[PDB]
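The block underneath contains the structure these notes are about, expressed in structure tokens.
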Amino acid sequence: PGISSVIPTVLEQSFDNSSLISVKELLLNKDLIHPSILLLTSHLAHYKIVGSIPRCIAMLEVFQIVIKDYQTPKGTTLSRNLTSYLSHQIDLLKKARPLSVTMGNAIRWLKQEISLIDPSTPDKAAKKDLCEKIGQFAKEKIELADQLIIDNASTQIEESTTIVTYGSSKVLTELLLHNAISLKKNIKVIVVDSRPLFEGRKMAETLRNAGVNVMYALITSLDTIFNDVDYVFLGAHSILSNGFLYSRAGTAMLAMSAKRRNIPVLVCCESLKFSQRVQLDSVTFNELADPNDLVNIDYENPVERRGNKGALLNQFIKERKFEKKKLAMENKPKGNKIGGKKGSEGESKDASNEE
Amino acid sequence: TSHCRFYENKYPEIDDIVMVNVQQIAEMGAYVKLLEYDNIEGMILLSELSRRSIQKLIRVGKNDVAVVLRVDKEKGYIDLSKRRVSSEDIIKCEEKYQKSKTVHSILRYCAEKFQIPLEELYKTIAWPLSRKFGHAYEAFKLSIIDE
Amino acid sequence: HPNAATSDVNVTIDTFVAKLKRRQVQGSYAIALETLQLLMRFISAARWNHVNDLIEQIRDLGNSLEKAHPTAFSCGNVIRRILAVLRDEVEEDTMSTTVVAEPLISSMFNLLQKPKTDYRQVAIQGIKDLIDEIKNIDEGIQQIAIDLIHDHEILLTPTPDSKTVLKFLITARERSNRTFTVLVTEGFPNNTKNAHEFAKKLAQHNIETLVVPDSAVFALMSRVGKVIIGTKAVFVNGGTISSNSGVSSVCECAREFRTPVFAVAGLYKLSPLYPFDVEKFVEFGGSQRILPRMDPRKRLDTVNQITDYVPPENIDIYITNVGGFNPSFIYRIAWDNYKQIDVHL
Amino acid sequence: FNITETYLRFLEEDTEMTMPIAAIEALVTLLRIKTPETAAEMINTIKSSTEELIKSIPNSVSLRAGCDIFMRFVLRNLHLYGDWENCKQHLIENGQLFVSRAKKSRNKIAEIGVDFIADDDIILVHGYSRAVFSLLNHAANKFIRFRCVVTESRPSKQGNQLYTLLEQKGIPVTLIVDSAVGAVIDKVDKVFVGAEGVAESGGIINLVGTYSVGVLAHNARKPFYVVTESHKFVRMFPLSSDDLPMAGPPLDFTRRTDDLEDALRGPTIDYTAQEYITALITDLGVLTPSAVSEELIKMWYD
């Protein structure tokens with residue numbers, strides 16, 4: 001069935017809103033789960049590349065594989081044990097890593113498609129049309145929509161400009177790659193990074209592989225790099241009903257500085273990224289991770305040192321707690337580039353009612 | 001070189017059915033090209049291409065089904081309509097497009113081998129096959145069984 | 001139109017007029033209920049046969065009702081709500097009597113493109129649905145609201161007068177996983193008695209109660225987690241008229257300390273009217289309750305006001321039965337329930 | 001037949017019939033001659049004439065916005081699949097009806113937007129618009145008390161023009177310079193501003209010093225107004241504080257000169273963000289923030 005309860009590190013006096021636990025190394029499980037799910041859960045547990053956008057694309061493709069592998073039983077119909085099996089997938093995904101908003105909209109789309117198709121049509125004729133529709137759905141809402149974001153941003157950015165970024169957002173990597181190659185401008189790109197994940201490092205590496213003038217920096221040193229900077233792009237995860245920017249770690253700090261130092265913040269987003277859940281502070285619902293990623297002393301992810309820190313459980317109160325997903329304040333960002341072209345974050349939910 | 005119209009005359013008429021490959025989007029409608037009647041542009045408007053949100057629909061993808069409304073036989077201006085085509089006629093529009101695509105594939109080996117213009121080869125074929133017999137696909141099916 | 005036609009058939013018009021002017025009727029929730037029962041009596045008793053003559057008569061009745069009492073916004077809104085429910089079903093009915101009517105979404109732009117039945121039964125049921133909506137708001141609030149407040153957070157509260165907010169606070173305290181300290185500003189000239197009953201009901205449920213004088217608000221603002229408003233009426237621009245005393249300064253105190261401001265309201269409490277001036281909309285109190293003796297009151301011209309206004313610059317959320325919305329969006333929620341013509345009655 | 005020449009003919013005319021509404025009336029006249037039946041022959045030549053109009057533009061935004069609304073109405077005409085003749089006749093007629101709608105809207109606003117000016121309030125007005133001055137005149141017609149403060153705007157000496165037009169009414173005034181405009185926000189009740197354009201975000205497209213007014217008022221907590229006719233909406237999103245469509249200079253720094261000729265150059269059009277506007281007034285009801293964007297989403301259907 002799975003492993004539940006018994007967690008590493010202290011329960012903590014401050015910040016205990018979410019689960020801090022889960023299965024990394026495979027021991028005691030059901031022998032019916034599709035291995036492509038088991039691969040993705042093992043991926044997302046210790047992932048370095050993904051950040052909101054790519055997670056759903058992989059989740060869709062895994063689902064497409066499952067349907068292609070799905071053969072309808074002779075006794076039980078198509079809508080009998082499928083939805084239970086999908087619920088087992090999501091529960092295993094939840095155990096590995098808390099889901100994104102875009103993942104939820106995908107599940108909601110899939111559950112709508114199950115109800116749409118009645119058990120009367122032949123099995124091979126059904127799944128052939130289904131995967132074709134999902135492919136077209138992923139083409140429209142992601143790939144084509146992404147291209148629409150590309151060209152919307154293209155008109156907005158001035159010739160020969162300096163851009164500071166953060167994260168590992170798929171949309172922005174392709175944005176800057178488009179700027180360097182197709183448009184041919186003088187784009188100075190500065191990338192910032194945190195401690196838990198070297199997301200920006202990977203982005204800078206990929207930008208270097210394209211051949212871009214790249215500076216690479218950290219949160220600690222900003223009042224030096226800014227004093228240069230024009231437009232700041234932020235990797236969206238979810239924009240809520242109010243218009244608060246729920247995104248990764250070192251995002252809000254950058255957002256504040258940019259608002260203070262004249263030239264503002266811009267955000268690229270998808271029409272699938274918007275939710276209806278609302279909050280106002282970072283404490284509300286945080287994506288907490290185990291302090292195992294913060295054990296390492298600088299430089300790289302695997303170093304293995306006999307350093308200063310090591311104990312967490314036996315130590316009399318030593319909460320080395322880090323967070324992953326934060327909230328930028330409402331007023332600070334200015335532009336959102338989506339499927340429906342443009343709109344300020346003050347407007348926010350003009351897409352949720354438009355559907 | 002890929003040119004020359006599928007039919008006898010350059011410009012279409014009223015009520016005749018065509019198939020378009022999308023090359024444009026938004027604002028007006030779509031300045032494009034056809035796969036049933038020449039390779040020149042023939043524009044349509046957003047309203048016609050909607051009937052029935054829309055930011056996921058066409059976006060210069062594959063092929064649709066449209067009927068010609070307004071033709072200018074002076075300089076070159078074509079208007080179309082998507083909604084007007086009935087469900088029974090859509091299947092007939094697809095079969096005529098499939099027939100036109102097979103005729104275009106047939107009249108391309110001729111231009112490649114002997115290194116002569118495609119428009120002259122299209123003109124010399126479309127007189128007994130396209131005008132007198134009915135269509136060039138059924139005339140080719142008659143020629144392979146007994147010349 | 002006058003009340004000369006509706007006198008023997010409808011008597012309850014004038015008793016509600018009497019209840020407003022002398023303030024026998026109390027609390028927006030109650031005013032709404034009465035006007036609902038008024039419109040219930042108007043449809044059940046009258047004979048019309050014509051539709052457009054009927055609607056314009058209702059408009060004139062609502063116009064006279066708002067002129068009779070300016071602070072009865074809940075009166076004005078309920079009529080406007082039924083007016084729009086009527087107008088949609090009439091526009092649906094006219095499409096069938098004549099014989100794309102579905103472009104994309106439900107927009108605006110009424111300046112662009114041009115244009116026996118069970119209609120009365122729909123009008124009857126439309127009132128019934130409004131009652132049930134006003135009956136149950138708390139269920140729609142608790143699912144959005146009890147998601148935003150944390151443990152060990154201190155809540156400061158102006159306007160303890162609202163029945164809506166207190167019941168929202170008691171549902172959160174019911175959750176054993178949630179702990180919060182409550183500061184309550186007194187609101188001396190009016191709210192005092194209500195503030196003391198508020199402090200009593202919090203102790204009754206065993207929630208850490210703290211009674212605050214209206215001077216001490218600043219002396220605590222560094223320690224305050226969140227601010228909650230017990231509003232009476234919400235507006236287009238976002239802003240609120242609240243149930244009396246000591247709110248505006250508290251909101252000003254919160255904004256300077258950058259402390260978050262919450263508001264709990266209903267859609268019937270929400271108004272499609274615009275507050276162009278506070279000078280007209282706010283009602284003033286009785287100075288008798290401040291200072292005794294009338295011979296010094298020749299020289300002691302004392303100022304006291306009941307209703308207090310907050311500008312939209314301070315508050316951030318309006319949690320209703322529908323959900324939580326930002327002040328820069330609340331206008332759309334309003335236009336989803338009331339039409340553009342149904343404003344100037 | 002020309003469209004730029006028709007717009008140039010309005011010299012001693014102007015007023016009531018606004019600059020964009022005169023450009024829309026010029027668009028309808030160009031449409032009605034060369035057959036509006038053909039959608040291929042006409043719409044492409046309409047697009048070329050708008051492109052020629054944009055190329056001839058030195059410092060105007062609203063003409064580009066007014067074309068869009070026209071286009072939209074034309075496309076919406078035959079949305080019902082109606083007779084290709086009755087829909088055409090309704091399209092040609094909606095040209096004179098469009099200009100007649102500028103009268104009806106002004107009749108609406110001047111009775112709605114007089115409510116904001118309360119009993120005895122000192123006003124500081126900046127950026128002259130036909131809607132804001134029509135509020136000012138029809139409040140004097142309503143016999144209400146209001147004081148007025150003139151701002152020294154510097155595009156083509158607009159402050160002096162504003163001052164003279166206030167003298168022809170009977171309302172007491174005095175000149176205040178835009179440098180000293182900070183020293184006035186304590187004796188002024190409310191600040192009113194007329195716009196040249198309203199953004200997709202909710203910000204404003206305006207003259208030679210309006211953002212500066214917006215910020216100072218935000219500091220002084222004194223209200224900041226936008227009053228206009230509902231046609232000045234573009235699908236425009238100025239990302240930064242200093243980015244706008246221009247035919248002239250985006251801040252030029254000149255070389256060493258002795259004769260003194262190259263100097264003036266400064267941002268003649270400036271943007272202000274959504275937060276600085278307290279209230280907005282149009283004929284489309286009383287609405288301010290996200291309302292503009294809702295309108296734009298409603299039009300563009302995207």
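By convention in this document, the chains of the structure tokens carry letters A, B, ... by their order, each chain's residues are numbered from 1, and ligands are numbered from 1 in the order they are shown.
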Test item: residues at most 9 Å from residue C:105, only C-alpha atoms, excluding those fewer than 6 positions along its chain, as a tab-separated table (two decimals) with N, CA and C atoms, in the first residue's frame:
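Contents of selection-v6.tsv, as written:
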```
chain	number	residue	atom	x	y	z
A	353	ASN	N	-13.00	33.25	-15.45
A	353	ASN	CA	-14.39	33.39	-15.89
A	353	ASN	C	-14.53	33.24	-17.42
A	354	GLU	N	-13.47	33.62	-18.15
A	354	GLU	CA	-13.41	33.44	-19.59
A	354	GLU	C	-13.19	31.97	-19.98
D	298	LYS	N	-13.56	42.46	-23.32
D	298	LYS	CA	-14.91	42.39	-23.89
D	298	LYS	C	-14.96	42.74	-25.38
D	301	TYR	N	-12.27	40.13	-27.55
D	301	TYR	CA	-12.60	38.71	-27.30
D	301	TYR	C	-11.38	37.75	-27.23
```
In chain B, DSSP strand (DSSP E or B) residues written as a VMD selection string
chain B and resid 17 to 18 20 to 21 29 33 to 34 43 45 63 66 to 72 77 to 81
Given the selection you just returned, output its residues as a file containing N, CA, C and O atoms, formatted as a PDB file, in the first residue's frame.
```
ATOM      1  N   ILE B  17     -16.753  25.223 -53.777  1.00  0.00           N
ATOM      2  CA  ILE B  17     -16.118  24.794 -52.521  1.00  0.00           C
ATOM      3  C   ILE B  17     -14.608  24.564 -52.635  1.00  0.00           C
ATOM      4  O   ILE B  17     -14.129  23.983 -53.614  1.00  0.00           O
ATOM      5  N   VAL B  18     -13.875  25.037 -51.626  1.00  0.00           N
ATOM      6  CA  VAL B  18     -12.402  24.977 -51.596  1.00  0.00           C
ATOM      7  C   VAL B  18     -11.830  24.532 -50.240  1.00  0.00           C
ATOM      8  O   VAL B  18     -12.549  24.472 -49.236  1.00  0.00           O
ATOM      9  N   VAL B  20      -8.435  25.346 -47.714  1.00  0.00           N
ATOM     10  CA  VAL B  20      -7.343  26.297 -47.438  1.00  0.00           C
ATOM     11  C   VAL B  20      -6.339  25.785 -46.403  1.00  0.00           C
ATOM     12  O   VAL B  20      -6.721  25.150 -45.401  1.00  0.00           O
ATOM     13  N   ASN B  21      -5.061  26.052 -46.663  1.00  0.00           N
ATOM     14  CA  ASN B  21      -3.998  25.836 -45.681  1.00  0.00           C
ATOM     15  C   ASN B  21      -3.691  27.184 -45.053  1.00  0.00           C
ATOM     16  O   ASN B  21      -3.249  28.108 -45.753  1.00  0.00           O
ATOM     17  N   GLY B  29      -8.786  38.333 -40.296  1.00  0.00           N
ATOM     18  CA  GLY B  29      -9.073  36.901 -40.320  1.00  0.00           C
ATOM     19  C   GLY B  29      -7.769  36.213 -40.615  1.00  0.00           C
ATOM     20  O   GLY B  29      -6.984  35.965 -39.671  1.00  0.00           O
ATOM     21  N   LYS B  33      -3.211  30.930 -48.295  1.00  0.00           N
ATOM     22  CA  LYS B  33      -3.100  30.254 -49.590  1.00  0.00           C
ATOM     23  C   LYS B  33      -4.050  29.042 -49.641  1.00  0.00           C
ATOM     24  O   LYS B  33      -4.404  28.468 -48.602  1.00  0.00           O
ATOM     25  N   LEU B  34      -4.449  28.672 -50.860  1.00  0.00           N
ATOM     26  CA  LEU B  34      -5.375  27.568 -51.099  1.00  0.00           C
ATOM     27  C   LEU B  34      -4.668  26.279 -51.537  1.00  0.00           C
ATOM     28  O   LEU B  34      -3.534  26.314 -52.022  1.00  0.00           O
ATOM     29  N   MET B  43      -8.642  35.809 -48.621  1.00  0.00           N
ATOM     30  CA  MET B  43      -8.949  36.145 -47.223  1.00  0.00           C
ATOM     31  C   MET B  43     -10.372  35.854 -46.754  1.00  0.00           C
ATOM     32  O   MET B  43     -11.329  35.922 -47.518  1.00  0.00           O
ATOM     33  N   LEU B  45     -12.842  36.302 -42.826  1.00  0.00           N
ATOM     34  CA  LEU B  45     -12.933  37.060 -41.569  1.00  0.00           C
ATOM     35  C   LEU B  45     -13.252  36.172 -40.375  1.00  0.00           C
ATOM     36  O   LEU B  45     -13.813  35.080 -40.513  1.00  0.00           O
ATOM     37  N   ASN B  63      -5.772  21.929 -42.336  1.00  0.00           N
ATOM     38  CA  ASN B  63      -6.739  22.358 -43.345  1.00  0.00           C
ATOM     39  C   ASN B  63      -8.179  22.348 -42.813  1.00  0.00           C
ATOM     40  O   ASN B  63      -8.523  21.571 -41.895  1.00  0.00           O
ATOM     41  N   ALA B  66     -14.048  25.581 -46.564  1.00  0.00           N
ATOM     42  CA  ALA B  66     -14.599  26.921 -46.834  1.00  0.00           C
ATOM     43  C   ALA B  66     -15.250  27.071 -48.215  1.00  0.00           C
ATOM     44  O   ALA B  66     -14.867  26.383 -49.168  1.00  0.00           O
ATOM     45  N   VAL B  67     -16.224  27.978 -48.299  1.00  0.00           N
ATOM     46  CA  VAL B  67     -16.944  28.279 -49.546  1.00  0.00           C
ATOM     47  C   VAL B  67     -16.757  29.755 -49.956  1.00  0.00           C
ATOM     48  O   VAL B  67     -16.887  30.661 -49.123  1.00  0.00           O
ATOM     49  N   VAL B  68     -16.430  29.972 -51.232  1.00  0.00           N
ATOM     50  CA  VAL B  68     -16.100  31.302 -51.776  1.00  0.00           C
ATOM     51  C   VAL B  68     -17.360  32.168 -51.925  1.00  0.00           C
ATOM     52  O   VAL B  68     -18.354  31.737 -52.522  1.00  0.00           O
ATOM     53  N   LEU B  69     -17.302  33.379 -51.368  1.00  0.00           N
ATOM     54  CA  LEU B  69     -18.399  34.348 -51.442  1.00  0.00           C
ATOM     55  C   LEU B  69     -18.185  35.402 -52.528  1.00  0.00           C
ATOM     56  O   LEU B  69     -18.994  35.518 -53.451  1.00  0.00           O
ATOM     57  N   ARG B  70     -17.096  36.161 -52.397  1.00  0.00           N
ATOM     58  CA  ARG B  70     -16.832  37.329 -53.240  1.00  0.00           C
ATOM     59  C   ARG B  70     -15.506  37.173 -53.977  1.00  0.00           C
ATOM     60  O   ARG B  70     -14.458  36.942 -53.356  1.00  0.00           O
ATOM     61  N   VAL B  71     -15.563  37.277 -55.306  1.00  0.00           N
ATOM     62  CA  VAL B  71     -14.377  37.166 -56.162  1.00  0.00           C
ATOM     63  C   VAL B  71     -14.216  38.438 -56.992  1.00  0.00           C
ATOM     64  O   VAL B  71     -15.184  38.933 -57.587  1.00  0.00           O
ATOM     65  N   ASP B  72     -12.993  38.967 -57.017  1.00  0.00           N
ATOM     66  CA  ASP B  72     -12.643  40.104 -57.866  1.00  0.00           C
ATOM     67  C   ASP B  72     -11.811  39.620 -59.056  1.00  0.00           C
ATOM     68  O   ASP B  72     -10.642  39.238 -58.903  1.00  0.00           O
ATOM     69  N   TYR B  77      -8.637  39.465 -55.579  1.00  0.00           N
ATOM     70  CA  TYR B  77      -9.183  39.574 -54.222  1.00  0.00           C
ATOM     71  C   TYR B  77     -10.300  38.549 -53.980  1.00  0.00           C
ATOM     72  O   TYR B  77     -11.346  38.584 -54.639  1.00  0.00           O
ATOM     73  N   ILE B  78     -10.059  37.634 -53.037  1.00  0.00           N
ATOM     74  CA  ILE B  78     -10.953  36.491 -52.770  1.00  0.00           C
ATOM     75  C   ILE B  78     -11.498  36.524 -51.332  1.00  0.00           C
ATOM     76  O   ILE B  78     -10.746  36.748 -50.380  1.00  0.00           O
ATOM     77  N   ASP B  79     -12.809  36.300 -51.201  1.00  0.00           N
ATOM     78  CA  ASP B  79     -13.480  36.163 -49.899  1.00  0.00           C
ATOM     79  C   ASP B  79     -14.116  34.785 -49.721  1.00  0.00           C
ATOM     80  O   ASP B  79     -14.694  34.241 -50.660  1.00  0.00           O
ATOM     81  N   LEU B  80     -14.024  34.246 -48.505  1.00  0.00           N
ATOM     82  CA  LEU B  80     -14.483  32.879 -48.200  1.00  0.00           C
ATOM     83  C   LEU B  80     -15.444  32.831 -46.998  1.00  0.00           C
ATOM     84  O   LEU B  80     -15.710  33.866 -46.374  1.00  0.00           O
ATOM     85  N   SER B  81     -15.964  31.635 -46.692  1.00  0.00           N
ATOM     86  CA  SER B  81     -16.864  31.396 -45.552  1.00  0.00           C
ATOM     87  C   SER B  81     -16.813  29.940 -45.086  1.00  0.00           C
ATOM     88  O   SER B  81     -16.981  29.019 -45.894  1.00  0.00           O
TER      89      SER B  81
END
```
9 Å contacts from chain A to chain C using only C-alpha atoms, as JSON, numbers by chain
{"A": [17, 241, 242, 243, 277, 278, 279, 280, 281, 283, 284, 346, 347, 348, 349, 353, 354]}
Determine which residues of chain B sit within 12 Å of chain A, taking into account only C-alpha atoms, and present them as a ChimeraX atom specification.
/B:25-26,53-62
Contacts of residue C:155 within 10 Å, only C-alpha atoms, excl. fewer than 2 positions in-chain, as a ChimeraX atom specification
/C:149,152-153,157,180-184,210,223-228
Could you save those same residues with C-alpha atoms as a short mmCIF file (atom, residue, chain, number, x, y, z; two decimals), in the first residue's frame?
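Final file, selection_6.cif:
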```
data_model
loop_
_atom_site.label_atom_id
_atom_site.label_comp_id
_atom_site.auth_asym_id
_atom_site.auth_seq_id
_atom_site.Cartn_x
_atom_site.Cartn_y
_atom_site.Cartn_z
CA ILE C 149 -5.28 33.14 9.60
CA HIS C 152 -0.11 32.70 17.48
CA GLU C 153 -1.45 35.64 15.37
CA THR C 157 -11.20 44.27 15.40
CA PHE C 180 -5.58 33.55 17.98
CA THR C 181 -5.65 36.57 20.32
CA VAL C 182 -8.49 39.08 19.87
CA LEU C 183 -8.09 42.83 20.37
CA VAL C 184 -11.31 44.83 20.31
CA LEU C 210 -8.57 41.92 24.95
CA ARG C 223 2.13 43.53 17.65
CA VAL C 224 -0.99 43.16 15.45
CA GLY C 225 -1.12 40.33 12.91
CA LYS C 226 -4.36 41.16 11.05
CA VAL C 227 -7.27 43.64 10.97
CA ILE C 228 -10.93 42.56 10.38
#
```
Residues of chain C no more than 9 Å from chain B, counting only C-alpha atoms: send them over as a PDB file with N, CA, C and O atoms, in the first residue's frame.
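Full text of result.pdb as output:
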```
ATOM      1  N   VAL C 100     -26.415  35.077 -34.288  1.00  0.00           N
ATOM      2  CA  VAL C 100     -26.243  34.291 -33.073  1.00  0.00           C
ATOM      3  C   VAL C 100     -26.553  35.116 -31.820  1.00  0.00           C
ATOM      4  O   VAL C 100     -26.160  36.281 -31.720  1.00  0.00           O
ATOM      5  N   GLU C 102     -25.431  34.132 -28.899  1.00  0.00           N
ATOM      6  CA  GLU C 102     -24.402  33.588 -27.997  1.00  0.00           C
ATOM      7  C   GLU C 102     -22.989  33.755 -28.601  1.00  0.00           C
ATOM      8  O   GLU C 102     -22.435  32.797 -29.179  1.00  0.00           O
ATOM      9  N   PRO C 103     -22.425  34.983 -28.503  1.00  0.00           N
ATOM     10  CA  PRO C 103     -21.140  35.334 -29.108  1.00  0.00           C
ATOM     11  C   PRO C 103     -19.943  34.594 -28.507  1.00  0.00           C
ATOM     12  O   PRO C 103     -19.164  33.982 -29.256  1.00  0.00           O
ATOM     13  N   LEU C 104     -19.780  34.685 -27.183  1.00  0.00           N
ATOM     14  CA  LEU C 104     -18.621  34.107 -26.486  1.00  0.00           C
ATOM     15  C   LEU C 104     -18.870  34.030 -24.985  1.00  0.00           C
ATOM     16  O   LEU C 104     -19.069  32.946 -24.446  1.00  0.00           O
TER      17      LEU C 104
END
```
For residue C:286, list every protein, DNA or RNA residue within 9 Å, evaluated using only C-alpha atoms, and leave out those in the same chain fewer than 6 positions away; present the list as an NGL selection string.
:C and (189 or 303-306)
Give me, as a ChimeraX atom specification, the residues of chain D touching chain C, with the criterion being at most 8 Å (counting only C-alpha atoms).
/D:73,76-77,79-80,115-116,118,279,285-291,295,298-299,301
Env of stretch 238-247 of chain D: 7 Å cut, atoms = only C-alpha atoms, seq-sep filter 6 positions within chain, self excluded. Answer as a PDB file with N, CA, C and O atoms, in the first residue's frame.
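That gives us around27.pdb:
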```
ATOM      1  N   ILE A 263      12.969  50.570 -12.463  1.00  0.00           N
ATOM      2  CA  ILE A 263      12.582  49.694 -13.580  1.00  0.00           C
ATOM      3  C   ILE A 263      12.021  48.358 -13.070  1.00  0.00           C
ATOM      4  O   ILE A 263      12.711  47.641 -12.347  1.00  0.00           O
ATOM      5  N   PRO A 264      10.771  48.045 -13.450  1.00  0.00           N
ATOM      6  CA  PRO A 264       9.976  47.074 -12.737  1.00  0.00           C
ATOM      7  C   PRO A 264      10.107  45.612 -13.135  1.00  0.00           C
ATOM      8  O   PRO A 264      11.030  45.238 -13.838  1.00  0.00           O
ATOM      9  N   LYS A 334       4.101  44.115 -12.831  1.00  0.00           N
ATOM     10  CA  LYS A 334       3.332  45.009 -13.701  1.00  0.00           C
ATOM     11  C   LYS A 334       2.709  44.347 -14.933  1.00  0.00           C
ATOM     12  O   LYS A 334       1.546  44.646 -15.260  1.00  0.00           O
ATOM     13  N   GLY A 335       3.444  43.426 -15.583  1.00  0.00           N
ATOM     14  CA  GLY A 335       2.947  42.748 -16.788  1.00  0.00           C
ATOM     15  C   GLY A 335       2.774  41.235 -16.651  1.00  0.00           C
ATOM     16  O   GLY A 335       3.609  40.566 -16.040  1.00  0.00           O
TER      17      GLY A 335
ATOM     18  N   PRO D  58       2.656  62.618 -35.589  1.00  0.00           N
ATOM     19  CA  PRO D  58       3.807  63.084 -34.801  1.00  0.00           C
ATOM     20  C   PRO D  58       3.697  62.772 -33.292  1.00  0.00           C
ATOM     21  O   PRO D  58       4.601  62.142 -32.741  1.00  0.00           O
ATOM     22  N   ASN D  59       2.608  63.200 -32.640  1.00  0.00           N
ATOM     23  CA  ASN D  59       2.408  62.979 -31.191  1.00  0.00           C
ATOM     24  C   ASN D  59       0.932  62.770 -30.787  1.00  0.00           C
ATOM     25  O   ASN D  59       0.356  63.562 -30.032  1.00  0.00           O
ATOM     26  N   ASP D 270       4.165  61.155 -20.709  1.00  0.00           N
ATOM     27  CA  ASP D 270       4.589  60.360 -19.552  1.00  0.00           C
ATOM     28  C   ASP D 270       3.502  59.423 -19.032  1.00  0.00           C
ATOM     29  O   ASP D 270       2.326  59.751 -19.067  1.00  0.00           O
ATOM     30  N   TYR D 271       3.931  58.259 -18.544  1.00  0.00           N
ATOM     31  CA  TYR D 271       3.032  57.246 -17.998  1.00  0.00           C
ATOM     32  C   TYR D 271       3.013  57.279 -16.480  1.00  0.00           C
ATOM     33  O   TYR D 271       4.024  57.582 -15.848  1.00  0.00           O
ATOM     34  N   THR D 272       1.844  56.978 -15.909  1.00  0.00           N
ATOM     35  CA  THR D 272       1.687  56.728 -14.470  1.00  0.00           C
ATOM     36  C   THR D 272       0.977  55.393 -14.216  1.00  0.00           C
ATOM     37  O   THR D 272       0.079  55.011 -14.957  1.00  0.00           O
TER      38      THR D 272
END
```
Counting only C-alpha atoms, which residues of chain D come no farther than 8 Å from chain B, as a PDB file with N, CA and C atoms, in the first residue's frame?
```pdb
ATOM      1  N   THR D  38     -17.526  44.009 -50.590  1.00  0.00           N
ATOM      2  CA  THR D  38     -16.310  43.196 -50.697  1.00  0.00           C
ATOM      3  C   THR D  38     -15.431  43.371 -49.460  1.00  0.00           C
ATOM      4  N   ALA D  39     -15.097  42.246 -48.831  1.00  0.00           N
ATOM      5  CA  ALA D  39     -14.277  42.221 -47.617  1.00  0.00           C
ATOM      6  C   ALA D  39     -12.781  42.064 -47.912  1.00  0.00           C
ATOM      7  N   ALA D  40     -12.470  41.714 -49.158  1.00  0.00           N
ATOM      8  CA  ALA D  40     -11.100  41.558 -49.627  1.00  0.00           C
ATOM      9  C   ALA D  40     -10.556  42.865 -50.217  1.00  0.00           C
ATOM     10  N   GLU D  41     -11.365  43.498 -51.071  1.00  0.00           N
ATOM     11  CA  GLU D  41     -11.016  44.746 -51.766  1.00  0.00           C
ATOM     12  C   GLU D  41     -10.922  45.955 -50.835  1.00  0.00           C
ATOM     13  N   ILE D  43     -11.179  46.036 -46.866  1.00  0.00           N
ATOM     14  CA  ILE D  43     -10.546  45.960 -45.534  1.00  0.00           C
ATOM     15  C   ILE D  43      -9.012  46.124 -45.602  1.00  0.00           C
ATOM     16  N   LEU D  75     -16.891  44.463 -38.270  1.00  0.00           N
ATOM     17  CA  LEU D  75     -16.867  43.007 -38.165  1.00  0.00           C
ATOM     18  C   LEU D  75     -18.091  42.416 -37.458  1.00  0.00           C
ATOM     19  N   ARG D  76     -18.561  43.105 -36.426  1.00  0.00           N
ATOM     20  CA  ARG D  76     -19.738  42.709 -35.645  1.00  0.00           C
ATOM     21  C   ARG D  76     -21.048  42.867 -36.360  1.00  0.00           C
ATOM     22  N   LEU D  78     -22.113  41.969 -39.572  1.00  0.00           N
ATOM     23  CA  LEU D  78     -22.478  40.658 -40.190  1.00  0.00           C
ATOM     24  C   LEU D  78     -22.115  39.419 -39.366  1.00  0.00           C
ATOM     25  N   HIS D  79     -22.232  39.551 -38.064  1.00  0.00           N
ATOM     26  CA  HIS D  79     -22.057  38.466 -37.114  1.00  0.00           C
ATOM     27  C   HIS D  79     -23.304  37.572 -36.996  1.00  0.00           C
ATOM     28  N   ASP D 302     -10.295  38.250 -26.634  1.00  0.00           N
ATOM     29  CA  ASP D 302      -9.048  37.497 -26.492  1.00  0.00           C
ATOM     30  C   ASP D 302      -8.392  37.751 -25.136  1.00  0.00           C
TER      31      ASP D 302
END
```
What lies within 12 Å of stretch 133-139 of chain B using only C-alpha atoms, ignoring chain neighbours under 2 positions off, as a ChimeraX atom specification?
/B:6-8,95-107,122,125-131,141-147
To one decimal place in Å, what is the distance between atom CA of residue A:20 and atom CA of residue A:290?
6.4 Å
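We find atom CA of residue A:52 and atom CA of residue A:153 to be spaced 19.7 Å apart.
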Which of A:89, A:79, A:152, A:275 sits closest to chain D [using only C-alpha atoms]
A:152
